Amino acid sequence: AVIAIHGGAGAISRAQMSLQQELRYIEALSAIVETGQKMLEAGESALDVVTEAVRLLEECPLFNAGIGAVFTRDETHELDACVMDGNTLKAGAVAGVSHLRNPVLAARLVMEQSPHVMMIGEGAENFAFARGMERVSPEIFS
């Protein structure tokens, strides 16, 4: 039973980076992979573990997801998420959402309670709100 997580791949320079900044990334990745291990060891589904890991990576402002999401050319937030269950081969995805704190949670909901694989913006948002997911202002991602 095993978990891997990532928080983006790109041009990171040791120059223009202090050890203390680097530790906040190391601490963060480290806390999320532990939460995942603990859950796996407890016998939680590989789906539940990947969902909560990505939810945590979203909530963490250091990563480009949920809080700490980058801005568009038009100074907005458009979040995408996907999840796939290797067991049932079902998949769920949302693209271009602004009003959902945790897109990965909306992606799971699409996988589980929808014939559709992929939903977009207001479609995805309204779908999610109709099943009790809370509406948020995109301010929370900044």
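Position 1 is the first residue in the sequence shown; the rest follow in order.
Student: Do the C-alpha atoms of 7-15 or of 120-128 have the higher average B factor in the entry?
Tutor: Comparing 120-128 with 7-15, the higher mean C-alpha B-factor belongs to 7-15.
Student: Quick one: higher average CA temperature factor, 109-117 or 88-96?
Tutor: Here the higher of the two C-alpha B-factor means belongs to 109-117.
Student: For the listed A28, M39, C82, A53, which has the peak Cα B-factor recorded in the PDB entry?
Tutor: Answer for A28, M39, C82, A53: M39, with the highest C-alpha B-factor.
Student: Which third, lowest, middle or highest, does the CA B-factor of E58 fall in along this chain?
Tutor: For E58, the deposited C-alpha B-factor lands in the lowest third.
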